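Student: So the sequence lines, in the order shown, correspond to chains V, Y, A, U, X, E, W and L.
Numbering-wise (the working numbering), the first sequence opens with residue 1262 and increments by one.
Numbering-wise (the working numbering), the second sequence opens with residue 1262 and increments by one.
Numbering-wise (the working numbering), the third sequence opens with residue 1262 and increments by one.
Numbering-wise (the working numbering), the fourth sequence opens with residue 1262 and increments by one.
Numbering-wise (the working numbering), the fifth sequence opens with residue 1262 and increments by one.
Numbering-wise (the working numbering), the sixth sequence opens with residue 1262 and increments by one.
Numbering-wise (the working numbering), the seventh sequence opens with residue 1262 and increments by one.
Numbering-wise (the working numbering), the eighth sequence opens with residue 1262 and increments by one.
What follows is a structure written as structure tokens; I'll ask about it next.
8 protein chains.
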Amino acid sequence: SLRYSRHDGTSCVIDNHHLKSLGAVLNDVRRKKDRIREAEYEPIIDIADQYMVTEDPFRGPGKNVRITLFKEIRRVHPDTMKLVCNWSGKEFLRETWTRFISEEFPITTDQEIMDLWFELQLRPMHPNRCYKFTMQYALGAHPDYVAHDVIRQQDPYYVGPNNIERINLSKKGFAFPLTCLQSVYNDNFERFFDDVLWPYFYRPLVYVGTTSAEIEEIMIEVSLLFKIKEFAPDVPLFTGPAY
Amino acid sequence: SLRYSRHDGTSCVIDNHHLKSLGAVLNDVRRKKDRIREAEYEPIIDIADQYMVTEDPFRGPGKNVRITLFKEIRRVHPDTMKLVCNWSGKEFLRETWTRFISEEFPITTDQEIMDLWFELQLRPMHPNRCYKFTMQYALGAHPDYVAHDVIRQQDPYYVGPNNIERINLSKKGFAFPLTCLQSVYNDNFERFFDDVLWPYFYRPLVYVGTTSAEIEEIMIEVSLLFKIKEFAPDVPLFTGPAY
Amino acid sequence: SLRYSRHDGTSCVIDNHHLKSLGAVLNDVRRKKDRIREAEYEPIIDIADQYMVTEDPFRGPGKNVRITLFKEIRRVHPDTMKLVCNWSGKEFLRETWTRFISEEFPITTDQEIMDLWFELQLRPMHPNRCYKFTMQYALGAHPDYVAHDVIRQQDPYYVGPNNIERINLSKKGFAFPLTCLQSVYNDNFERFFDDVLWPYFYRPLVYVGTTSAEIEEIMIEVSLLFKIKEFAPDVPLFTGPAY
Amino acid sequence: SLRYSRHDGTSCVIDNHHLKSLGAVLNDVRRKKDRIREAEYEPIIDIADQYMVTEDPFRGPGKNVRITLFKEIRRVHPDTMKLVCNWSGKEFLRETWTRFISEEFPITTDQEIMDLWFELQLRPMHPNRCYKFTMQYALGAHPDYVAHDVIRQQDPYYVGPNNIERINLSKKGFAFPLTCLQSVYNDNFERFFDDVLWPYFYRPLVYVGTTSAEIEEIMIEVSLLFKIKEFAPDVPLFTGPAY
Amino acid sequence: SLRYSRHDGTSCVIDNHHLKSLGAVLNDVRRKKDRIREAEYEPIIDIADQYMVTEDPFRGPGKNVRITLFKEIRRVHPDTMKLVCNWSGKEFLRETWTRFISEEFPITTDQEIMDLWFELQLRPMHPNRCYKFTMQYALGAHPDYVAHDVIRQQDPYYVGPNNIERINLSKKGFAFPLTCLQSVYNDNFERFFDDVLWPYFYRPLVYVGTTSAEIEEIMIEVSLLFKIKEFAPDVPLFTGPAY
Amino acid sequence: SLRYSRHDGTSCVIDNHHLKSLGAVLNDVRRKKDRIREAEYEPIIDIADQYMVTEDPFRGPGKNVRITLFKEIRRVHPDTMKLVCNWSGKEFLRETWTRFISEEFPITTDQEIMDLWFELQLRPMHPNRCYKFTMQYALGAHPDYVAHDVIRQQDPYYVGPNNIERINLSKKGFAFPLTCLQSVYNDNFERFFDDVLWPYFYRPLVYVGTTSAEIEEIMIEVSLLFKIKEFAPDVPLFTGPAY
Amino acid sequence: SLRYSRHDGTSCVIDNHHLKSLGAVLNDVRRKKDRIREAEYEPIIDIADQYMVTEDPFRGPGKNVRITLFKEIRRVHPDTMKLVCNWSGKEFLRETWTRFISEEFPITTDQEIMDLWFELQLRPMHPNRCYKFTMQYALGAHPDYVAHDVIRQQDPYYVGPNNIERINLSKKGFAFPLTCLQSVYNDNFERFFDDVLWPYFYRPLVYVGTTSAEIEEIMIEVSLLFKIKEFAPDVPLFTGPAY
Amino acid sequence: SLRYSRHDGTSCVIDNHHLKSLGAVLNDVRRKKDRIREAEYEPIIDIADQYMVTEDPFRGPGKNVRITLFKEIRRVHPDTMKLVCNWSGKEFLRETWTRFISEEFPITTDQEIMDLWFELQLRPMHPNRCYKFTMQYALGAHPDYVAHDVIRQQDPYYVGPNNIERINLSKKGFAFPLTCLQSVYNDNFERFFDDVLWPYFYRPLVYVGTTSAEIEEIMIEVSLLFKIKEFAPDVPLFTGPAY
């Protein structure tokens, strides 16, 4: 924005006397003002600094890897929600492992998956409508429990302003293809699945509805968002043999 | 600040008639004003009260015990970060246990460690520089994984305004010398280490860099910060024998 | 007005960390602000506190007893005032004593008359007029001095905004039916009148006019307003015999 | 406060040309502004100057002489008031005369007592309470009238913000040890008492209560405050013989 | 000021449709605004209306009659005050009676003296000085008490902003030439003086000083200001014989 | 709103001195302020008063008589408009005359129809939609010209904020059942129709559309709104015979 | 402007109590406010007081003597400037000396010419035009150098807002008829010219143009403005012989 | 002033999530605001930067050496000015050379006198006066011209706000003891005086007066203020012999 930075004005010397730009001097007076004011607000900011806010995970540290999974259209009656996905725990693990590993290999750097998120992105399929989205979910159940395809709305999560909701899938329940800080090793889905303690228990069961008083047609995009921190050494890549 | 509290002014009685300080009365009128305004803002505050902020852990409940561990100087190239510590899990446990227990004994009260934090405090070693600090970390890896001494910066954590970063070391991974609410018992490092399930896996591997476009020389102080709540009974300490 | 008092918001604890309502915290910051401001105004209020205002006698201490005396209509020419009352001192004393004592007995508590006021309450007898009221008075004269029924206006008292004027009748000149703090005794008008030193000298002679440039028809209500302080003991009233 | 008074800036002369400090000139422009504003507010101040306020007697003319009399603790039930003092008129006169004359002699200058005040100063005897004080009084009664020790609250005086109430004791009723502008003469209590017309009638009977809904314990300090104007000649005091 | 009163704008009719001046309509909208604001301030004004101010006696009811008495120059040392007048009570009564009656006769209307004021008006006798005036007074003393010509300043009255001070001389102490509401009768000074109970006791003894740190030369004008209410009947004055 | 009108505060008289409520006096000062401001804005309002606005016909002079005619549902494609009515001039005249005369008789007072309006009132038939209405019209055509049932939108009238549009039907083209100021006479439709010069030419042909990008279902209410001024004499209605 | 100076309001004394005008007291509170503000701005003014501005020579010290020389009309094409004067150095000296000495004699006081200015005053010769003036000049050249009558505009001086430009003619180059502080002596042009070292070199060559995009007709007034300081003794002028 | 610099607040990491102080974040939002504002004011500052102000010579570059010369009291009539100094040119040169050289030797560094100022510092000799100072001067005259001791005021210089005036004495007229950048050489007054071309012509003749309408007594301090720039090499001073 600023096109002079804060280097407005100049100085010169005439018969030993120093002259300085008038606008520069008026800025110095205004800046002294502004800072008498910052000194008066400092004790107020100290009361506010008793508390803290959380940095947005997707604008904050680590990189974002969006592994889109599928798209789906649902028509949802007012005051109800429709089920988005009904996979078994095994089918959820197969999609998690296969889609991430196929998209990311070759994984050429040491890295760690910080977090795994279930991302629900929603959009209207008609123009000139006014309503917002709602969501409800569960993450585990008996493997012979089959979720109802449609439920009534009861104290749901209200989807945020950009019509995206992201649900953290904790490493406590959900298995990650890269556990800690590591290099990749030779791996395959059967190895991965065998080493999961409860493969059939954990699976996201997610419902979507609206705040509309009429039926609305919704386009849904479902993704898994991986937050990743890489440890790339500050070294060259050479064609072999090196040196 | 206020040197009359809110007890400005006085009253007196002359021929049955009550007189009151003019400034006191003007304050009563201004205070009625101010409160007609607080009643107009109440519904607005109710929308804000749908949400909550988190109290700063180090200004909030529990006491702070800073067990400083070591100091170190690093010279860091632009867009890179240098490794601060490379201990094995055993060496990290030995420093954790030995430095806390040696500093704190005698532990004369029942107490609980609420949280253990890794504290990185940073300062410039040259004057007249302008830049900020960055950080990256991992908490676990294969015990024969040795971390790169220098990495490239990729979506790092930006260190906060006072140049301190504090990383929570969860009781899920890291072993505490005082587990729950307890008295101390006879203990030693070999007892402690034996009872840790994965002593060689968990260890903080922490990197520091800057936002500078030149190399900068940084002084680092590394500490473990223990948050502790004590349960001291409301009773006298007597010289023996009591009574 | 305020429906949460100042108890907006709440707190809760999650993994040792304390959360507090956002609106509550923003109020704490605004309240710190407001008080940095009250500390800056304190020296100003101290200059104002060199002076004092008088509490309104009729909204202030003591109770009000309005002994209405009579009503009267007067039609008043512009720039003139008409006489409201022309009693002798004896007739004024007879109305004062008889109307107060008849209205108030039984006087069952120890009490003192703080002040006696002559109250002139005025109202227009036509709608869609715009003007204000004026007043003039005297409190004593030769007993064979008969007041002019109509006078010209000359530097009058301007009646206050609610069209009531109240003139203090000092105990220095006017005789009260209850002198000091006392119980009632057996009494009668002839006893009272005999003990007044100058019964025929003191009598309110009160004139009313307007600021109108046309003749106006005015309804007048004249009352005596007694300000009284009671000393009722904190004790039961029992049916006899007690206990 | 101001550390340059209003003498900020300076002037100098260069080749016949006069230079003046920029901040001084900007102040001259701001002061011209401010005064165009005072000229616009003058007609408004003229409407306010139709009325007057009273100077605080204790911050205003004459000196204050606080003759403290006694201290007392009272425990007061809600909606009631307890009697502070129950002296006869003689005992009140003995304390007035004896305490003032003993405290003030030698009275070495011509002087006049402007006013005599009864001062009630009140303080809580418990912390963490919130309430205000109330007062009621009478100044005269039959000498065989003994005041109730406790009364119910009925339209009391509300004590001012600094928890002091001061009641004027008029020279009309209460006898002063120094009547007019005078030198002292030889005097004694029996001379003083004999020359009082109604020694047994006038005595302050003062009650204190609170606005609390619980019983409160109150510490009371009672004083007589004399306002005095002295006429000290502008002359030396010499050791005798003079000159 | 306003040259259209509040009758700005007009209306006209075109094809049944009513047109109105745009500025008039914008005033109606602004006036609706202003009054939503007066309704919001009404409860605040109700807190202020617990108290009252006193109308300036000299701008308020009754007419002013300034009987100037004398002029005098005094040179006053810093921190001192010089005596303005030293009359006996008789000489003060002779000037009061003679100067008022000579100035006012013929007194052709029924009237009452509301108040008698001692007026001290002060002015500097040098230009380019900056200081304010002070005052002290007594109203009675032993007739063989002669006031000190110069006293030290001790908690004086500070003279008001227009350099005039006016001291009320109560009818309690000072004798008025017209007592109550009356016509004049034949009278003379010897009649008046004989009927005064204490002619030699009451006399104003008034001192003037400054807030200057140097000697200042002051011109003093002393007056008696009579506040008078007249009762002139609304009748013609005819040349005799009438009708 | 205001519960004291502008009669806040009061006045009283104490020892000749006039006291007035403090809030009343502060209002007088604020009102002087406000009016110094109205005098400063007067020249600005005079520039605005060069122009005029038109009073809303339906909130302004004359009474409203809404003769509702019919209801209709239309489903309208985006960027198009559908025809609301397609009557011949005769059928429009028959509905105008018959519906007004049947609704209004007995017409017991002298009166005049000021204006006749075609009123189109529109409402959505689905919730949670966002769009506005548009309109287009013609008032005359060849009698064998049949209007297109659907047209494309081209610079339409945008319907006002409350979704009502009212089109004036001038007496120049459209025949009114009551011409001038008159009493009713015996009349019938055939008399009325015969006296219309061009009965088949003038007829409202009105189209409705939206600003939506999807098809919308609209409920339409069509009315004729008569603006009428009555001349009712200020006289009694008596049962016959009168007197 | 202010018609009470700052002496608004007054004071008076009633029963020892001091009353003061309400508007005066509100001014004292506002003035305390204003000065808490001047104390807060003082450090800001101190930053501004690092710099200085120059007093306008013609509104500042010394008196102005405008020796008008000639008038001239020029018609100037856009982006060009026309020569105002083309005198030799001798002719410029003859006009300088002759016009000043003829206008000013008798020079009856000791005085010094502080500065000599060349004044160019410009005005349009047509109404309803909008443009500003420009100027360019030289002060010396070879005596056989004849200036171009018309030049193109190239980075000119923009004439100030009142259409006057004043060019200082330094005593370094231009000869003054009064050198230092002196009395006049007998003198003549030939004496003056002989004592000038370089009479033919220094001469003002001044051009005028506009910022118009059309030809403009300009009236020019050229003057020499002398700034003079006089040393008139504080003594009488007597008719001879004195005393 | 600011006690946290701009390092308010901190950061910490909990389960990969970054927390930051709330007050720090609110400052970041306010600082973004403030700078959107600085970008909006930049084009305005560019218009102001067409012009320049002069740095105060005495707060600016070079050091100040105040060689006080003498003190003097003058009593000055209104509208007049009195002569402060009347030295010949030789006596002025003797004081200039002798007082500077005696005060400054040993002059141990290479240096240059930038400017020589005549400093007039003025103070009142009475308190409680209000007026400002004026000045007039000349710098040269015939050596047998003796200045009038008192002159009338005519367009004087108004002394600046701190009652100091400083007149630049140009190197063009006045001889400096150190001409250019130099070391000192052996020198004496007779050498200095001989090398001055016009020793008897140049001498400051300075007058002081006031804006008072009365005579005022003024204390005057006269100084010569030398502005000096030194060229001290960055080298040690050793005791001899060095090394």
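Where a beta carbon is used, it is the ideal one built from N, C-alpha and C, also for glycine.
Do you know how far the Cα of residue 1436 of chain A is from the Cα of residue 1248 of chain A?
Tutor: Because chain A here runs from 1262 to 1504, residue 1248 of chain A falls outside it and cannot be looked at.
Student: Assign residue 1325 of chain W to buried or exposed, taking buried as 16 or more other Cβ atoms, counted over all protein chains shown, within 10 Å of its Cβ.
Tutor: In the seventh sequence, residue 1325 of chain W corresponds to position 64, counting from 1. It is exposed - the Cβ of residue 1325 of chain W has fewer than 16 other Cβ atoms within 10 Å.
Student: Mind checking which residues open and close the beta strand (DSSP E) that includes residue 1463 of chain V?
Tutor: Here residue 1463 of chain V refers to the residue found at position 202 of the first sequence. Here the beta strand (DSSP E) through residue 1463 of chain V covers 1463-1471.
Student: Just verifying my parser: in three-state terms, what is the DSSP assignment at residue 1359 of chain L?
Tutor: Translated into positions along the eighth sequence, residue 1359 of chain L becomes position 98. Correct three-state label for residue 1359 of chain L: helix.
Student: Considering just the uninterrupted stretch of the beta strand (DSSP E) at residue 1213 of chain L, what are its terminal residues?
Tutor: What the structure shows of chain L is the stretch from 1262 to 1504, and residue 1213 of chain L is not part of that stretch, so it cannot be assessed.
Student: I'd like to check one pair, residue 1478 of chain V with residue 1336 of chain V: are the Cβ atoms closer than 9 Å?
Tutor: Indexing the first sequence from 1 puts residue 1336 of chain V at position 75. Indexing the first sequence from 1 puts residue 1478 of chain V at position 217. Going by C-beta atoms, residue 1336 of chain V is nearer than 9 Å to residue 1478 of chain V.
Student: Cα-Cα, which of V:1441, V:1338, V:1280 is closest to residue 1410 of chain V?
Tutor: As a position in the first sequence, residue 1410 of chain V is number 149, starting the count at 1. When each option's Cα is compared against that of residue 1410 of chain V, the closest is V:1338.
Student: Could you spell out where the alpha helix (DSSP H) holding residue 1452 of chain E opens and where it closes?
Tutor: Locating residue 1452 of chain E in the sixth sequence gives position 191, counting from the first residue. Start and end: 1450-1455.
Student: In whole angstroms, what is the alpha-carbon distance linking residue 1334 of chain L and residue 1341 of chain L?
Tutor: Here residue 1334 of chain L corresponds to residue number 73 of the eighth sequence, with the count starting at 1. Here residue 1341 of chain L corresponds to residue number 80 of the eighth sequence, with the count starting at 1. Each residue's alpha carbon lies about 15 Å from the other.
Student: With three or more beta-carbon pairs closer than 8 Å as the criterion, would you say the stretch 1287-1300 of chain E touches the stretch 1307-1322 of chain U?
Tutor: Yes, since at least three Cβ pairs between the stretch 1287-1300 of chain E and the stretch 1307-1322 of chain U fall closer than 8 Å, the two stretches touch.
Student: Under the three-state reduction of DSSP, which class applies to residue 1353 of chain L: helix, strand or coil?
Tutor: In the eighth sequence, counting from the first residue as 1, residue 1353 of chain L sits at position 92. DSSP places residue 1353 of chain L in helix when its eight states are reduced to three.
Student: Mind listing which residues of the stretch 1270-1291 of chain E have their C-beta closer than 7 Å to chain X's C-betas, in chain order?
Tutor: Within the stretch 1270-1291 of chain E, the residues whose Cβ lies closer than 7 Å to some Cβ of chain X are 1270, 1277, 1278, 1279, 1280, 1281, 1282, 1283, 1284, 1285, 1286, 1287, 1288, listed in chain order.
Student: Relative to the alpha-carbon of residue 1271 of chain X, which residue among X:1283, X:1262, X:1401 has its alpha-carbon at the smallest distance?
Tutor: Numbered from 1 along the fifth sequence, position 10 holds the residue referred to as residue 1271 of chain X. Cα-wise, what sits closest to residue 1271 of chain X is X:1283.
Student: Check the Cβ-Cβ distances between residue 1384 of chain E and every residue of chain V, and say whether any is below 9 Å.
Tutor: On the sixth sequence, position 123 is the one that residue 1384 of chain E refers to. Not one chain V Cβ lies under 9 Å of residue 1384 of chain E.
Student: Identify the contact partners of residue 1418 of chain Y in chain V, using a Cβ-Cβ distance below 7 Å as the criterion.
Tutor: The residue given as residue 1418 of chain Y occupies position 157 in the second sequence. Per Cβ cutoff of 7 Å: 1322.
Student: I'd like the ranges of any beta strand (DSSP E) spanning at least 3 consecutive residues and lying wholly in the stretch 1368-1420 of chain Y.
Tutor: Taking only runs of at least 3 residues, the beta strand (DSSP E) segments lying wholly in the stretch 1368-1420 of chain Y are 1371-1385, 1394-1401, 1411-1413.
Student: What residues from chain E crowd round residue 1505 of chain V, counting only those whose CB sits closer than 8 Å?
Tutor: Residue 1505 of chain V lies beyond the stretch modelled for chain V, which goes from 1262 to 1504, so this question has no answer here.
Student: What is the DSSP secondary structure of residue 1426 of chain U, reduced to helix, strand or coil?
Tutor: Within the fourth sequence, the letter at position 165 stands for residue 1426 of chain U. It is a strand residue.
Student: Could you check whether the stretch 1417-1437 of chain W touches the stretch 1370-1381 of chain W, counting it as contact only if at least three pairs of C-beta atoms, one from each stretch, sit closer than 8 Å?
Tutor: Touching, per the Cβ criterion.
Student: Check whether chain Y comes within 9 Å of residue 1373 of chain V, counting only Cβ atoms and requiring the distance to be less than that.
Tutor: In the first sequence, residue 1373 of chain V corresponds to position 112, counting from 1. Yes, contact with chain Y.
Student: Using three-state DSSP, classify residue 1475 of chain L as helix, strand or coil.
Tutor: Counting from 1 along the eighth sequence, the entry for residue 1475 of chain L is found at position 214. Residue 1475 of chain L falls in the coil class under three-state DSSP.
Student: Between which two residues does the beta strand (DSSP E) carrying residue 1333 of chain A extend?
Tutor: Taking the first residue of the third sequence as 1, we reach residue 1333 of chain A at position 72. 1324-1337 is the extent of the beta strand (DSSP E) around residue 1333 of chain A.
Student: Using a Cβ cut-off of 9 Å, pull out every chain L residue sitting near residue 1314 of chain Y, in sequence order please.
Tutor: On the second sequence, residue 1314 of chain Y is found 53 positions in, with the first residue counted as 1. Those are 1283, listed as they occur along chain L.
Student: Per DSSP, what kind of secondary structure is residue 1364 of chain U in: helix, strand or coil?
Tutor: Here residue 1364 of chain U refers to the residue found at position 103 when the fourth sequence is read from its first residue. Of the three classes helix, strand and coil, the one that applies to residue 1364 of chain U here is helix, per DSSP.
Student: Helix, strand or coil for residue 1490 of chain E? Go by DSSP, reduced to three states.
Tutor: Here residue 1490 of chain E refers to the residue found at position 229 of the sixth sequence. Here residue 1490 of chain E sits in strand by DSSP.
Student: Please list, in chain order, the chain L residues whose beta carbon lies closer than 9 Å to that of residue 1427 of chain Y.
Tutor: Against the second sequence, residue 1427 of chain Y aligns to sequence position 166. Neighbours of residue 1427 of chain Y on chain L, chain order: 1271, 1272, 1273, 1274.
Student: If you check the beta carbons only, do residue 1265 of chain L and residue 1389 of chain X fall under 9 Å apart?
Tutor: As a working mapping, residue 1265 of chain L is identified with position 4 in the eighth sequence. As a working mapping, residue 1389 of chain X is identified with position 128 in the fifth sequence. Their beta carbons are not under 9 Å apart, which means residue 1265 of chain L does not touch residue 1389 of chain X by this criterion.
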